[PDB]
$ cat model-v7.csv   # CSV, C-alpha atoms and all ligand atoms
chain,number,residue,atom,x,y,z
A,1,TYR,CA,-4.2,-4.0,-25.4
A,2,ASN,CA,-5.0,-0.4,-26.4
A,3,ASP,CA,-2.7,-0.2,-29.5
A,4,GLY,CA,0.0,-1.7,-27.1
A,5,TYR,CA,-0.2,1.1,-24.4
A,6,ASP,CA,-2.0,-1.1,-21.8
A,7,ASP,CA,-1.1,-4.3,-19.8
A,8,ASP,CA,-3.7,-7.0,-18.9
A,9,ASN,CA,-4.6,-5.0,-15.8
A,10,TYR,CA,-5.8,-2.0,-18.1
A,11,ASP,CA,-3.0,0.0,-16.5
A,12,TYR,CA,-1.0,2.3,-18.8
A,13,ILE,CA,2.5,0.9,-19.4
A,14,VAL,CA,4.7,3.7,-18.0
A,15,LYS,CA,8.0,4.4,-19.8
A,16,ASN,CA,10.4,6.7,-17.9
A,17,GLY,CA,11.4,9.6,-20.2
A,18,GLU,CA,8.2,9.6,-22.3
A,19,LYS,CA,6.8,13.0,-23.4
A,20,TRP,CA,3.0,13.7,-23.6
A,21,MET,CA,1.3,16.4,-25.8
A,22,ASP,CA,4.7,18.1,-26.2
A,23,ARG,CA,4.1,19.2,-22.5
A,24,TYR,CA,4.7,16.5,-19.8
A,25,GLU,CA,7.9,14.5,-19.3
A,26,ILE,CA,7.1,11.3,-17.3
A,27,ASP,CA,9.9,10.9,-14.8
A,28,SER,CA,8.8,7.8,-12.8
A,29,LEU,CA,6.0,5.7,-11.1
A,30,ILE,CA,5.5,7.1,-7.5
A,31,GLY,CA,2.2,5.3,-6.7
A,32,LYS,CA,-0.1,2.3,-7.5
A,33,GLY,CA,-3.7,1.6,-6.4
A,34,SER,CA,-6.9,-0.1,-7.6
A,35,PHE,CA,-7.7,3.1,-9.6
A,36,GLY,CA,-4.5,2.8,-11.6
A,37,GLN,CA,-1.1,4.5,-11.2
A,38,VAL,CA,0.5,7.8,-10.1
A,39,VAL,CA,3.6,9.2,-11.9
A,40,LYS,CA,6.0,12.1,-11.3
A,41,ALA,CA,6.1,14.4,-14.4
A,42,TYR,CA,7.7,17.8,-15.4
A,43,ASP,CA,5.2,20.2,-16.9
A,44,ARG,CA,7.3,22.0,-19.5
A,45,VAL,CA,4.6,24.7,-20.0
A,46,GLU,CA,4.2,25.7,-16.2
A,47,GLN,CA,7.9,24.8,-15.4
A,48,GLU,CA,6.9,22.7,-12.4
A,49,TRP,CA,6.7,19.1,-11.1
A,50,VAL,CA,3.2,17.4,-11.0
A,51,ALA,CA,1.7,14.1,-9.8
A,52,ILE,CA,-0.4,12.5,-12.6
A,53,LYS,CA,-2.9,9.9,-11.6
A,54,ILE,CA,-3.5,7.7,-14.7
A,55,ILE,CA,-6.9,5.9,-14.2
A,56,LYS,CA,-7.2,2.4,-15.6
A,57,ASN,CA,-8.8,2.2,-19.2
A,58,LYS,CA,-12.0,0.5,-17.8
A,59,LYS,CA,-15.4,2.3,-17.6
A,60,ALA,CA,-16.1,1.5,-13.9
A,61,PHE,CA,-12.8,3.3,-12.8
A,62,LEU,CA,-13.3,6.0,-15.4
A,63,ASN,CA,-16.8,6.7,-14.0
A,64,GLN,CA,-15.5,6.7,-10.4
A,65,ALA,CA,-12.7,9.1,-11.3
A,66,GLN,CA,-15.4,11.4,-12.9
A,67,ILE,CA,-17.0,11.5,-9.4
A,68,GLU,CA,-13.5,12.1,-7.9
A,69,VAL,CA,-12.9,15.0,-10.4
A,70,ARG,CA,-16.4,16.5,-9.6
A,71,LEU,CA,-15.6,16.4,-5.8
A,72,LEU,CA,-12.1,17.9,-6.2
A,73,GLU,CA,-13.5,20.7,-8.4
A,74,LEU,CA,-16.4,21.3,-5.9
A,75,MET,CA,-13.8,21.7,-3.1
A,76,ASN,CA,-11.6,24.0,-5.4
A,77,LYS,CA,-14.6,26.4,-5.9
A,78,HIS,CA,-14.5,27.3,-2.1
A,79,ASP,CA,-13.1,30.8,-1.1
A,80,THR,CA,-11.5,29.5,2.2
A,81,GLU,CA,-7.8,28.8,3.3
A,82,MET,CA,-9.1,25.5,4.8
A,83,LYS,CA,-9.0,23.9,1.3
A,84,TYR,CA,-5.2,24.1,1.4
A,85,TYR,CA,-5.2,20.9,3.6
A,86,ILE,CA,-6.7,19.0,0.5
A,87,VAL,CA,-4.6,18.1,-2.5
A,88,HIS,CA,-5.1,20.6,-5.4
A,89,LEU,CA,-6.3,19.1,-8.7
A,90,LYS,CA,-4.8,21.5,-11.4
A,91,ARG,CA,-6.8,19.9,-14.3
A,92,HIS,CA,-7.6,16.6,-16.0
A,93,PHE,CA,-7.6,15.2,-19.6
A,94,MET,CA,-8.2,12.0,-21.6
A,95,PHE,CA,-4.8,10.6,-23.0
A,96,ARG,CA,-4.4,7.3,-24.9
A,97,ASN,CA,-7.9,6.2,-23.6
A,98,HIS,CA,-6.8,6.9,-19.9
A,99,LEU,CA,-8.4,9.7,-17.7
A,100,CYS,CA,-5.4,11.6,-16.2
A,101,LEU,CA,-5.8,13.8,-13.1
A,102,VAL,CA,-2.9,16.3,-12.8
A,103,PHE,CA,-2.2,17.1,-9.1
A,104,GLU,CA,0.4,19.4,-7.3
A,105,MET,CA,3.6,17.4,-6.4
A,106,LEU,CA,3.6,16.7,-2.6
A,107,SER,CA,6.3,14.7,-0.6
A,108,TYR,CA,6.4,11.5,1.6
A,109,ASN,CA,3.2,10.1,3.2
A,110,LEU,CA,2.9,9.8,7.1
A,111,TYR,CA,3.6,6.0,6.7
A,112,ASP,CA,7.0,6.8,5.2
A,113,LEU,CA,7.5,9.2,8.2
A,114,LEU,CA,6.7,6.4,10.6
A,115,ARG,CA,9.2,4.0,8.8
A,116,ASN,CA,11.8,6.9,9.2
A,117,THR,CA,11.2,6.8,13.0
A,118,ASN,CA,11.8,3.0,12.9
A,119,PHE,CA,8.1,2.7,14.0
A,120,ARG,CA,8.7,4.5,17.4
A,121,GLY,CA,6.7,7.6,16.5
A,122,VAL,CA,7.0,11.4,16.3
A,123,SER,CA,6.8,13.8,19.3
A,124,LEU,CA,3.5,14.9,20.9
A,125,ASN,CA,4.3,18.4,19.5
A,126,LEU,CA,4.4,17.1,15.9
A,127,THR,CA,1.4,14.8,16.5
A,128,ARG,CA,-0.5,18.0,17.7
A,129,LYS,CA,0.5,19.9,14.5
A,130,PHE,CA,-0.8,17.0,12.3
A,131,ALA,CA,-4.0,16.7,14.4
A,132,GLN,CA,-4.8,20.4,14.1
A,133,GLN,CA,-4.4,20.3,10.3
A,134,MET,CA,-6.5,17.0,9.9
A,135,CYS,CA,-9.3,18.4,12.1
A,136,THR,CA,-9.3,21.6,9.9
A,137,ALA,CA,-9.5,19.4,6.8
A,138,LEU,CA,-12.5,17.5,8.2
A,139,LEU,CA,-14.2,20.8,9.3
A,140,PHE,CA,-13.8,21.8,5.6
A,141,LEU,CA,-15.1,18.5,4.2
A,142,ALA,CA,-18.2,18.7,6.5
A,143,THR,CA,-19.2,22.2,5.0
A,144,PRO,CA,-22.8,21.5,4.1
A,145,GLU,CA,-22.4,22.3,0.4
A,146,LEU,CA,-19.6,19.6,0.3
A,147,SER,CA,-20.6,16.9,3.0
A,148,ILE,CA,-17.7,14.7,1.7
A,149,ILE,CA,-16.8,11.5,3.5
A,150,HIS,CA,-13.2,10.6,2.5
A,151,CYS,CA,-13.8,6.9,3.5
A,152,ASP,CA,-10.1,5.9,3.4
A,153,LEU,CA,-8.1,8.0,5.9
A,154,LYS,CA,-4.9,6.3,6.9
A,155,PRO,CA,-1.2,7.4,7.1
A,156,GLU,CA,-0.6,6.4,3.4
A,157,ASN,CA,-3.3,8.9,2.2
A,158,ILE,CA,-1.9,11.9,4.3
A,159,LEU,CA,1.2,13.4,2.5
A,160,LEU,CA,3.7,16.1,3.7
A,161,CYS,CA,3.8,19.2,1.4
A,162,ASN,CA,7.6,18.9,1.5
A,163,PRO,CA,10.2,16.9,3.6
A,164,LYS,CA,11.2,19.9,5.8
A,165,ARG,CA,7.9,21.2,7.1
A,166,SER,CA,5.0,19.8,9.2
A,167,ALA,CA,2.4,21.0,6.6
A,168,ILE,CA,0.2,18.1,5.4
A,169,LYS,CA,-2.6,17.4,2.9
A,170,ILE,CA,-5.2,14.6,2.4
A,171,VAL,CA,-5.0,12.9,-1.0
A,172,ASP,CA,-7.0,10.1,-2.8
A,173,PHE,CA,-10.7,11.1,-3.0
A,174,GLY,CA,-11.0,8.0,-5.3
A,175,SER,CA,-13.3,6.2,-2.7
A,176,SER,CA,-15.0,9.4,-1.5
A,177,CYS,CA,-18.7,10.2,-1.6
A,178,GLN,CA,-21.2,12.9,-0.5
A,179,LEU,CA,-23.6,12.3,2.4
A,180,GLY,CA,-27.0,11.2,1.0
A,181,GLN,CA,-27.3,7.4,0.4
A,182,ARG,CA,-27.3,6.3,4.1
A,183,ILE,CA,-26.3,2.7,3.1
A,184,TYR,CA,-23.8,0.1,4.4
A,185,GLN,CA,-20.7,-0.8,2.2
A,186,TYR,CA,-17.5,-2.6,3.2
A,187,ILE,CA,-15.3,0.5,3.2
A,188,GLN,CA,-12.3,2.1,5.0
A,189,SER,CA,-8.9,0.2,5.4
A,190,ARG,CA,-9.5,-2.4,8.2
A,191,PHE,CA,-7.2,-0.8,10.9
A,192,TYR,CA,-9.0,2.6,10.5
A,193,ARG,CA,-12.5,1.1,10.0
A,194,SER,CA,-15.3,2.6,12.3
A,195,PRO,CA,-17.4,0.3,14.6
A,196,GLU,CA,-20.6,1.4,12.6
A,197,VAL,CA,-19.0,0.1,9.4
A,198,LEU,CA,-17.7,-3.1,11.1
A,199,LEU,CA,-21.3,-3.5,12.5
A,200,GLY,CA,-22.9,-3.2,9.0
A,201,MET,CA,-24.7,0.1,9.9
A,202,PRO,CA,-25.1,3.1,7.6
A,203,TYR,CA,-22.2,5.7,7.8
A,204,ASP,CA,-21.8,9.5,7.8
A,205,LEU,CA,-18.8,11.9,8.2
A,206,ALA,CA,-18.0,10.7,11.7
A,207,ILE,CA,-16.2,7.6,10.1
A,208,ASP,CA,-13.4,9.9,9.1
A,209,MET,CA,-13.0,11.2,12.8
A,210,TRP,CA,-12.8,7.5,14.0
A,211,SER,CA,-9.9,6.9,11.4
A,212,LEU,CA,-8.2,10.2,12.5
A,213,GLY,CA,-8.2,9.1,16.2
A,214,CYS,CA,-6.5,5.8,15.2
A,215,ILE,CA,-4.0,7.6,13.0
A,216,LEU,CA,-3.0,10.2,15.7
A,217,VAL,CA,-2.3,7.4,18.3
A,218,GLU,CA,-0.2,5.5,15.7
A,219,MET,CA,1.8,8.7,14.8
A,220,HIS,CA,2.9,9.1,18.4
A,221,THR,CA,3.4,5.3,19.4
A,222,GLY,CA,4.8,4.2,16.0
A,223,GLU,CA,2.2,1.4,15.6
A,224,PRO,CA,-1.4,0.9,14.5
A,225,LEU,CA,-3.7,1.1,17.6
A,226,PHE,CA,-6.1,-1.6,16.3
A,227,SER,CA,-4.2,-4.1,13.9
A,228,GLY,CA,-6.9,-6.7,13.1
A,229,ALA,CA,-6.1,-9.8,11.0
A,230,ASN,CA,-9.9,-9.8,10.0
A,231,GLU,CA,-13.1,-8.0,11.1
A,232,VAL,CA,-13.6,-10.2,14.2
A,233,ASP,CA,-10.0,-9.7,15.3
A,234,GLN,CA,-10.5,-5.9,14.5
A,235,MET,CA,-13.6,-5.6,16.7
A,236,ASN,CA,-12.0,-7.7,19.5
A,237,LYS,CA,-8.9,-5.4,19.4
A,238,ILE,CA,-11.2,-2.3,19.6
A,239,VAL,CA,-13.1,-3.9,22.6
A,240,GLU,CA,-9.8,-4.7,24.4
A,241,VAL,CA,-9.3,-0.9,24.6
A,242,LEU,CA,-12.9,0.7,24.7
A,243,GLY,CA,-15.0,-2.1,26.3
A,244,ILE,CA,-18.4,-3.5,25.0
A,245,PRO,CA,-20.2,-1.1,22.7
A,246,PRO,CA,-23.5,0.4,24.0
A,247,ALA,CA,-26.6,-1.9,23.8
A,248,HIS,CA,-28.6,0.8,21.9
A,249,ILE,CA,-26.0,0.5,19.1
A,250,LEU,CA,-25.8,-3.3,19.1
A,251,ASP,CA,-29.7,-3.6,19.1
A,252,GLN,CA,-29.8,-1.7,15.7
A,253,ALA,CA,-26.6,-3.4,14.2
A,254,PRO,CA,-27.2,-6.0,11.4
A,255,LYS,CA,-23.7,-7.6,12.1
A,256,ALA,CA,-23.9,-7.3,16.0
A,257,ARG,CA,-24.1,-11.2,16.2
A,258,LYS,CA,-20.9,-11.6,14.1
A,259,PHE,CA,-18.9,-10.3,17.2
A,260,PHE,CA,-21.4,-10.2,20.2
A,261,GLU,CA,-24.0,-12.4,22.0
A,262,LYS,CA,-27.3,-10.9,23.4
A,263,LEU,CA,-27.8,-12.5,26.9
A,264,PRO,CA,-31.2,-13.3,28.4
A,265,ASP,CA,-31.3,-9.9,30.3
A,266,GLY,CA,-30.8,-7.9,27.1
A,267,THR,CA,-27.1,-7.1,27.8
A,268,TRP,CA,-24.4,-7.9,25.3
A,269,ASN,CA,-20.9,-9.6,25.7
A,270,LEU,CA,-18.1,-10.8,23.3
A,271,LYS,CA,-18.9,-14.1,21.5
A,272,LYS,CA,-16.8,-17.3,22.3
A,273,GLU,CA,-6.6,-15.2,23.1
A,274,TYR,CA,-7.7,-11.5,24.1
A,275,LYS,CA,-7.3,-9.2,27.1
A,276,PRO,CA,-10.7,-8.8,28.8
A,277,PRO,CA,-12.9,-5.8,27.6
A,278,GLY,CA,-11.5,-2.3,28.5
A,279,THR,CA,-8.2,-3.8,30.0
A,280,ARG,CA,-5.9,-2.4,27.3
A,281,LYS,CA,-6.2,1.3,28.5
A,282,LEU,CA,-5.2,4.1,26.2
A,283,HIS,CA,-3.8,5.6,29.6
A,284,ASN,CA,-1.2,2.7,29.4
A,285,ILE,CA,-0.8,2.6,25.6
A,286,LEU,CA,0.2,6.3,25.6
A,287,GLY,CA,2.3,5.9,28.9
A,288,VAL,CA,0.5,9.0,30.4
A,289,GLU,CA,2.2,8.6,33.9
A,290,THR,CA,5.4,6.6,32.6
A,291,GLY,CA,7.0,9.1,30.1
A,292,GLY,CA,5.0,8.2,27.0
A,293,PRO,CA,5.0,5.2,24.6
A,294,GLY,CA,7.4,2.5,26.0
A,295,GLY,CA,8.7,5.3,28.3
A,296,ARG,CA,10.7,6.9,25.4
A,297,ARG,CA,9.6,10.5,26.1
A,298,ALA,CA,10.8,10.4,29.8
A,299,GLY,CA,11.9,14.1,30.6
A,300,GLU,CA,11.1,15.7,27.2
A,301,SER,CA,9.5,19.2,26.5
A,302,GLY,CA,5.7,19.2,26.1
A,303,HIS,CA,5.4,15.5,27.2
A,304,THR,CA,4.0,16.2,30.7
A,305,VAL,CA,1.3,14.0,32.4
A,306,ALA,CA,-1.2,16.9,31.8
A,307,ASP,CA,-0.2,17.1,28.0
A,308,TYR,CA,-0.8,13.2,27.8
A,309,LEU,CA,-4.1,13.6,29.7
A,310,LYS,CA,-5.4,16.2,27.2
A,311,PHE,CA,-4.3,14.0,24.2
A,312,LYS,CA,-6.0,10.9,25.8
A,313,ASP,CA,-9.2,12.9,26.4
A,314,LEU,CA,-9.3,14.1,22.7
A,315,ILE,CA,-8.6,10.6,21.3
A,316,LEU,CA,-11.3,8.9,23.6
A,317,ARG,CA,-13.7,11.5,22.2
A,318,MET,CA,-12.7,10.7,18.5
A,319,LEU,CA,-13.0,6.9,19.4
A,320,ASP,CA,-16.6,7.2,20.7
A,321,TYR,CA,-18.6,4.0,19.6
A,322,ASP,CA,-21.6,6.3,19.0
A,323,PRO,CA,-21.3,8.2,15.7
A,324,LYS,CA,-23.9,10.8,16.9
A,325,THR,CA,-21.8,11.9,20.0
A,326,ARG,CA,-18.3,11.3,18.3
A,327,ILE,CA,-16.5,14.7,18.6
A,328,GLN,CA,-17.0,16.9,15.5
A,329,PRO,CA,-14.1,18.8,13.9
A,330,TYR,CA,-14.9,22.3,15.2
A,331,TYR,CA,-15.1,20.9,18.9
A,332,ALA,CA,-11.9,18.9,18.3
A,333,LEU,CA,-10.1,22.1,17.4
A,334,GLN,CA,-11.4,23.8,20.6
A,335,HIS,CA,-10.0,20.9,22.7
A,336,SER,CA,-7.5,22.0,25.5
A,337,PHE,CA,-4.9,19.6,23.8
A,338,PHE,CA,-4.5,22.5,21.2
A,339,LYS,CA,-4.3,25.3,23.9
A,340,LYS,CA,-0.6,26.3,24.0
B,401,LIG,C1,3.9,12.8,-4.2
B,401,LIG,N1,2.5,12.9,-4.5
B,401,LIG,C2,1.6,11.9,-4.5
B,401,LIG,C3,0.4,12.5,-4.8
B,401,LIG,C4,-0.9,11.8,-5.0
B,401,LIG,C5,-2.2,12.3,-5.0
B,401,LIG,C6,-3.0,11.1,-5.1
B,401,LIG,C7,-4.4,11.0,-5.2
B,401,LIG,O1,-5.1,12.0,-5.0
B,401,LIG,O2,-4.9,9.9,-5.4
B,401,LIG,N2,-2.2,10.0,-5.0
B,401,LIG,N3,-1.0,10.4,-4.9
B,401,LIG,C8,0.7,13.8,-5.0
B,401,LIG,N4,1.9,14.1,-4.8

$ encode --input "model-v7.csv" --output "structure tokens"
Amino acid sequence: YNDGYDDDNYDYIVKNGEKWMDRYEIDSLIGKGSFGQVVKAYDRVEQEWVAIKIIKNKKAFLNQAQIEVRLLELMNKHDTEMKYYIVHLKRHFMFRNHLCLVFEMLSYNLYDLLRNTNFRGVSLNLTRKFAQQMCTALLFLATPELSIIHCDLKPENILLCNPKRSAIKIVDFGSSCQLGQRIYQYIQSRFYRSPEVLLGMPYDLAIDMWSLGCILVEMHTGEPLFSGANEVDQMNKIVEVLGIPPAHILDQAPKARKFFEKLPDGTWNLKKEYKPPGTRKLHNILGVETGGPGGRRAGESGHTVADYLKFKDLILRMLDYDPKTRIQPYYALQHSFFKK
């Protein structure tokens, strides 16, 4: 395989200590994905640490990574400080028949941060810092020239700049596209997957705001909001919290009847275990009136009933079933939850 450089997965066989083009010293493997691998490397020439994404030696992944490079370079062009919430691609090159994207070195992902809380969550004040940054990132992505749908927002794809600060960036535009082909695909990681995608409808940038709402509840509670074992379980768990989707959505949805039944009067209900629809209130999940998630924020700074009510209002607006009326990033940033 590839003069002995590749395994039977078309991944490059990483050897710690290896030196590339008399410039990069491979330190270690920090990441694996469907695209290939991510390694920590010291760039001798610029005297800095870098994350090198080594794409599999297979034309499908190489072609996809060429779109990824194009989108990252498109974002890099922009003369705005909002692009500093997106991972910086420094350059790319072909090496031993692998396309390599050289990124800035970031730190732990938000999933590592949740594991460090022992899955009990971070303060509302830290959740607020992360929410403000992520809404600015999505405001940037929805710049008309860009119109980029990330398509895979989740804690694992949000990384701290460094382990000491609250500063974060979005990584992994490997699954990303520009708005244009209004088509259905099976996309987003299941826990963070929007009702429109579950329902087989075409998607737009609002799917990233759905994911963000799920992420921010999980950051504070310590656990995924909607942890489906499959699509039916995923939709059932969404309906536990938010109730039955609007009829005008289900009437247009190719996969409506995978989860719902149309009754003789044209109203819809869940198909033939689960809490009844709308019984698992976000009010109760967040512990608005009971000192936060499992009561653990009882008498803490900036954890008032009014603080929780603002958070709950913002999340409910991000978890709108209707992608047309789902809150857009600018209006999220104007939300009273951010007024301190
Ligand atoms: C620590 N670190 C990981 C990364 C990184 C970037 C990506 C990506 O864009 O796909 N994946 N991992 C950067 N720094």

$ closest_residue --input "model-v7.csv" --among "A:274, A:130, A:111, A:191" --to "residue 156 in chain A" --atoms "all atoms listed in the file"
A:111

$ residues_near_point --input "model-v7.csv" --point "(-10.6, -0.9, -18.4)" --cutoff "9 Å" --atoms "all atoms listed in the file" --output "ChimeraX atom specification"
/A:9-11,55-62,98

$ closest_residue --input "model-v7.csv" --among "A:189, A:236, A:116, A:267" --to "residue 151 in chain A" --atoms "all atoms listed in the file"
A:189

$ residues_around --input "model-v7.csv" --residues "residue 337 in chain A" --least-positions-apart "5" --cutoff "8 Å" --atoms "only C-alpha atoms" --output "list in words"
residues 128, 307, 310, 311 and 314 of chain A

$ closest_residue --input "model-v7.csv" --among "A:85, A:321, A:338, A:203" --to "residue 308 in chain A" --atoms "only C-alpha atoms"
A:338

$ residues_near_ligand --input "model-v7.csv" --ligand "ligand LIG 401 (chain B)" --cutoff "10 Å" --atoms "only C-alpha atoms and all ligand atoms" --output "ChimeraX atom specification"
/A:30-33,35-40,49-55,65,68-69,72,86-89,101-109,156-162,169-175

$ closest_residue --input "model-v7.csv" --among "A:75, A:187, A:201, A:206" --to "residue 320 in chain A" --atoms "only C-alpha atoms"
A:206

$ closest_residue --input "model-v7.csv" --among "A:200, A:222, A:278, A:329" --to "residue 256 in chain A" --atoms "only C-alpha atoms"
A:200

$ closest_residue --input "model-v7.csv" --among "A:312, A:183, A:243, A:268" --to "residue 217 in chain A" --atoms "all atoms listed in the file"
A:312

$ residues_around --input "model-v7.csv" --residues "residue 190 in chain A" --least-positions-apart "2" --cutoff "10 Å" --atoms "all atoms listed in the file" --output "number ranges by chain"
A: 152, 154, 186-188, 192-194, 197-198, 211, 226-231, 234-235

$ residues_near_point --input "model-v7.csv" --point "(-13.8, 23.0, 15.2)" --cutoff "12 Å" --atoms "only C-alpha atoms" --output "MDAnalysis selection string"
chainID A and resid 82 131:143 327:335 338

$ residues_around --input "model-v7.csv" --residues "residue 97 in chain A" --least-positions-apart "2" --cutoff "8 Å" --atoms "all atoms listed in the file" --output "NGL selection string"
:A and (2 or 57 or 94-95 or 99)

$ atom_distance --input "model-v7.csv" --atom1 "CA of residue 42 in chain A" --atom2 "CA of residue 115 in chain A"
27.9 Å

$ residues_around --input "model-v7.csv" --residues "range 284-296 of chain A" --least-positions-apart "4" --cutoff "7 Å" --atoms "only C-alpha atoms" --output "PyMOL selection string"
chain A and resi 221+305+308-309

$ residues_around --input "model-v7.csv" --residues "residue 205 in chain A" --least-positions-apart "5" --cutoff "8 Å" --atoms "only C-alpha atoms" --output "PyMOL selection string"
chain A and resi 142+147-149+179

$ atom_distance --input "model-v7.csv" --atom1 "CA of residue 124 in chain A" --atom2 "CA of residue 213 in chain A"
13.9 Å

$ atom_distance --input "model-v7.csv" --atom1 "CA of residue 225 in chain A" --atom2 "CA of residue 315 in chain A"
11.3 Å

$ decode --input "model-v7.csv" --residues "range 310-326 of chain A" --atoms "N, CA, C and O atoms" --output "compact mmCIF listing (two decimals), in the first residue's frame"
# COMPACT_ATOMS: atom_id res chain seq x y z
N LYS A 310 -34.21 33.52 31.00
CA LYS A 310 -33.62 34.10 29.76
C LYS A 310 -32.97 32.98 28.92
O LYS A 310 -33.23 32.89 27.70
N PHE A 311 -32.17 32.12 29.55
CA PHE A 311 -31.53 30.96 28.90
C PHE A 311 -32.60 30.08 28.26
O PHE A 311 -32.44 29.65 27.11
N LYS A 312 -33.66 29.78 28.99
CA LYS A 312 -34.71 28.84 28.52
C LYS A 312 -35.37 29.46 27.29
O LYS A 312 -35.61 28.71 26.31
N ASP A 313 -35.64 30.77 27.32
CA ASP A 313 -36.27 31.49 26.19
C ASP A 313 -35.39 31.38 24.94
O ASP A 313 -35.91 31.03 23.88
N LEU A 314 -34.10 31.68 25.06
CA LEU A 314 -33.12 31.60 23.95
C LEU A 314 -33.07 30.17 23.39
O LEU A 314 -33.22 30.01 22.17
N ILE A 315 -32.94 29.15 24.24
CA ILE A 315 -32.87 27.73 23.78
C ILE A 315 -34.15 27.34 23.04
O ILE A 315 -34.03 26.77 21.96
N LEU A 316 -35.33 27.61 23.61
CA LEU A 316 -36.64 27.34 22.95
C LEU A 316 -36.68 28.02 21.58
O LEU A 316 -37.20 27.41 20.63
N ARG A 317 -36.09 29.20 21.42
CA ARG A 317 -36.10 29.88 20.10
C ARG A 317 -35.12 29.19 19.12
O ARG A 317 -35.42 29.17 17.89
N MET A 318 -34.00 28.65 19.61
CA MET A 318 -33.06 27.82 18.80
C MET A 318 -33.71 26.45 18.51
O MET A 318 -33.38 25.88 17.48
N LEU A 319 -34.59 25.93 19.36
CA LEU A 319 -35.19 24.59 19.14
C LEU A 319 -36.61 24.73 18.57
O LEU A 319 -37.43 23.81 18.79
N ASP A 320 -36.87 25.81 17.82
CA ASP A 320 -38.06 25.97 16.93
C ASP A 320 -38.06 24.84 15.89
O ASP A 320 -37.06 24.74 15.16
N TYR A 321 -39.15 24.05 15.81
CA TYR A 321 -39.39 23.03 14.76
C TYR A 321 -39.36 23.66 13.37
O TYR A 321 -38.96 23.00 12.41
N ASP A 322 -39.79 24.92 13.24
CA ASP A 322 -39.90 25.60 11.93
C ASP A 322 -38.57 26.27 11.59
O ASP A 322 -38.21 27.25 12.23
N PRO A 323 -37.78 25.76 10.60
CA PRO A 323 -36.50 26.37 10.22
C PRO A 323 -36.61 27.83 9.74
O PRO A 323 -35.62 28.54 9.81
N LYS A 324 -37.78 28.23 9.26
CA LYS A 324 -38.06 29.62 8.81
C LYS A 324 -38.08 30.57 10.01
O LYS A 324 -37.60 31.69 9.86
N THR A 325 -38.63 30.17 11.15
CA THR A 325 -38.80 31.08 12.31
C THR A 325 -37.77 30.78 13.39
O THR A 325 -37.83 31.47 14.42
N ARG A 326 -36.92 29.76 13.20
CA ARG A 326 -35.82 29.44 14.15
C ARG A 326 -34.95 30.70 14.24
O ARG A 326 -34.75 31.34 13.19
